[PDB]
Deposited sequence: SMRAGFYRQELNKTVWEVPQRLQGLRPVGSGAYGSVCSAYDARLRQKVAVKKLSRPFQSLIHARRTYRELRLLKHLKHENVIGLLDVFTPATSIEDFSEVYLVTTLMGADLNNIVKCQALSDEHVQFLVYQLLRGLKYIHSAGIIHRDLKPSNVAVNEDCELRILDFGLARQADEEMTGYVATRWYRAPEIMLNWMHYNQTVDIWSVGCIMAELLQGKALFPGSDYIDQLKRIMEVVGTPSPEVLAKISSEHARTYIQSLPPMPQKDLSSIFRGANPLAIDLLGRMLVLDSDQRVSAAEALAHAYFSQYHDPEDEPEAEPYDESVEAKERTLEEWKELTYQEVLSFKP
């Protein structure tokens, strides 16, 4: 541990941090804290065994590099990165520091029935951040209420945290083509998840709360309708097909009858997100232009990202090389 760092234990895990970070409190391996250098509250994450294996080392580097890369008002912002390591020989831990927001979307839904205007503003920001992420060539793949952080004024940022305890199941928000093991899914998977999130903000409860895999699929088909064989063929592996074929056929339901009393514009947009055929899902960029967001839409203030270049992290290297590369990335921040 460096000079100017101090150590404490937070629920049987040791944290070693610089003096500038005070009052660590599990959120939570994420803590809230006050950063005395930045003069603001922050979140701090202690990565879990970052160099345990090649895949952990690759994901450690990627998380650091990706957060360096993504600078957008609706995506969690990297503010600092540190290690208690004094040199490469004892480099074993990586800590990331980001914006801290007031709460997550689950908290919001649990405490309040959201006005239509608040739903507009929240989904607008979610899509604006998503436009930026997708323009970078990045797929989120785990959008769900616990990965969306919001302030009392409804400002929103996308994050990615990475079972019996406020647990929110990925299963409830996951595109059916991911569930059915389609090997060539693309960024539209995130639009499915946004449709699930928006539905939940509108109704105050999850739209497809499956108790298991089969129950998840049954709930989805009951609303969107059983796909044709042709569409089933492009959203599933050969083996996963049978799970769908064995269900009795279900017609598509009118979303107006599910979301009785919602803004008809909200219903219209939902029907362009919650579809099985990806060709027919609205992009994040197009969705921002929808009349549901006419209060907020501003084409000059919905920016693109530079493409995230995967070339370095994709190259084969040893665990020792990964440590050296990542150490340099940490020190350069």
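Got a list of the deposited-sequence ranges with no coordinates? Unmodelled stretches: 1, 30-34, 169-174, 178, 347-348.
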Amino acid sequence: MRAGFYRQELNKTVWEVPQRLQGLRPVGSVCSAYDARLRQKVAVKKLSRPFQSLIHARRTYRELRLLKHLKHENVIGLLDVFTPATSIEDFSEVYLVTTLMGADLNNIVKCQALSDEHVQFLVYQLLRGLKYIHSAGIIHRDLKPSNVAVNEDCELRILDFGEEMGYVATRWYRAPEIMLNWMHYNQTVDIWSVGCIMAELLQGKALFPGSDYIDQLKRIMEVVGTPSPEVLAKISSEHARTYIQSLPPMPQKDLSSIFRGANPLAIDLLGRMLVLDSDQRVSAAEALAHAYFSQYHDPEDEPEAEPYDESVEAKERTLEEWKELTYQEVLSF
From here on, numbers count along this sequence of modelled residues.
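Mean C-alpha B-factor higher for 228-236, or for 241-249? If you average the C-alpha B-factors of 228-236 and of 241-249, the larger mean comes out for 241-249.
Average Cα temperature factor in the PDB entry - higher stretch of 310-318, 9-17: Of 310-318 and 9-17, the stretch with the higher C-alpha B-factor average is 9-17.
Determine which member of 146, 99, 216, 186 has the highest CA B-factor, using the values in the deposited entry. Largest recorded C-alpha B-factor: 186.
If you compare 300, 63, 268, 279, which has the highest Cα B-factor in the entry? By C-alpha B-factor in the record, 279 ranks first.
Taking the entry's C-alpha B-factors for this chain, is residue 48 in the lowest, middle or highest third? Its C-alpha B-factor, which the entry lists for residue 48, ranks in the highest third among residues of this chain.
Would you mind checking where the Cα B-factor of residue 40 ranks among the modelled residues of its chain, as the lowest, middle or highest third? Lowest third of the chain for residue 40's C-alpha B-factor.
By its CA B factor, does residue 151 count among the lowest, middle or highest third of the modelled residues in the chain? Within its chain, residue 151 is a middle-third residue by C-alpha B-factor, going by the deposited values.
Which third, lowest, middle or highest, does the C-alpha temperature factor of residue 34 belong to within its own chain? According to the entry, residue 34 has a C-alpha B-factor in the chain's lowest third.
With respect to C-alpha B-factor, does residue 173 fall in the lowest, middle or highest third of the chain as deposited? CA B-factor rank for residue 173: middle third.
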